[PDB]
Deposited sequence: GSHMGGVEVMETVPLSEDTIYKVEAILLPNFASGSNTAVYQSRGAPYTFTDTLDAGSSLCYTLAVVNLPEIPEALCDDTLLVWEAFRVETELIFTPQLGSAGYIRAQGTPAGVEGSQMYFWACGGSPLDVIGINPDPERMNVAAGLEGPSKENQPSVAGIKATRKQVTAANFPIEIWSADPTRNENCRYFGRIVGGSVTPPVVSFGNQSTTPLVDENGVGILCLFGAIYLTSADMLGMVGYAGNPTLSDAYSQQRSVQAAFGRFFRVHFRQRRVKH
């Protein structure tokens, strides 16, 4: 598509979308399950549906506009919704203190004119399996790296686990995304939030996200760590059967649009 000039700003040529994407521990491709804590995360060699956080997706329809004019997203405000977890996450008997949330984390958002492109990799393919309800890589004896043989798909269903699928920097042409992954078994999360920040979506030529299909595609995943059961001990072998993934309560998006002429 050839990109031409923006349409002069006025009440009729601007738009905004607000959404909260909810944490998703899907059971299957067409069954997102919205809950902020997973089912207990078992220590088996298999990634299980219900305990493994998946990307959340939202496709938000934009108004029809009467060469062609399309909506162009030029900035986004995005913020996580969360509260501090003390006793809600159980307690550490050995330290006589609330456990809180801690562990490995992922903070991720994307805004695009089409679905998020991802690469699916099994990190320990001699040993690790992906349950039938979740999208896993193809079984083609490919190595555990992001090469030409790696499985590539788009996030168009509820069951893409974040422990398998990474954003594909070789695609995602008409999309902006940002991610941060933190390792460690007990690492503290840090969640900053407010209502004053905004992120531009325009490239070096001043071009934002062109909504050529008349919708905006929002994708997110926000894992903050692991937690136990409220009122119970945790962070011990004895209570390993109750340890669960904690996600944020939601990721807010406010996307701002103008109109762009394209050919």
**Request:** Report the unmodelled segments of the deposited sequence as residue ranges counted from 1.
**Result:** 1-6, 73-78, 276
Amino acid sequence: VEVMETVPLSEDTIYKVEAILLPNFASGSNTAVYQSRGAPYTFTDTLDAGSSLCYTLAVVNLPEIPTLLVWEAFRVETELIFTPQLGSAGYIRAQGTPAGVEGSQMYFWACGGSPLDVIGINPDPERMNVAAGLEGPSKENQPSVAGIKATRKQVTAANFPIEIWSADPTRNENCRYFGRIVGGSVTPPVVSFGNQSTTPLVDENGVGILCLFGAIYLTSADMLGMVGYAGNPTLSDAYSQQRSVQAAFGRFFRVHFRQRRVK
From here on, numbers count along this sequence of modelled residues.
**Prompt:** Do the C-alpha atoms of 170-178 or of 131-139 have the higher average B factor in the entry?
**Reply:** 131-139
**Asked** On average, which has the higher Cα B-factor in the deposited entry, 189-197 or 89-97?
**Response** 89-97
**Asked** Which of these, 223, 69, 54, 59, has its C-alpha atom at the highest B-factor, as the entry lists it?
**Response** 69
**Asked** Which listed residue, 255, 245, 22, 14, has the largest C-alpha temperature factor in the record?
**Response** 14
**Ranked against its chain, the third holding the CA B-factor of residue 236** = highest
**Asked** C-alpha B factor of residue 29, ranked within the chain: lowest, middle or highest third?
**Response** highest
**Asked** Among the chain's modelled residues, which third holds the C-alpha B-factor of residue 126?
**Response** highest
**Message:** Is residue 230 in the lowest, middle or highest third of its chain when residues are ranked by C-alpha B-factor?
**Reply:** highest
**Request:** Among all modelled residues of this chain, ranked by Cα B factor, put residue 218 in the bottom, middle or top third, i.e. lowest, middle or highest.
**Result:** lowest
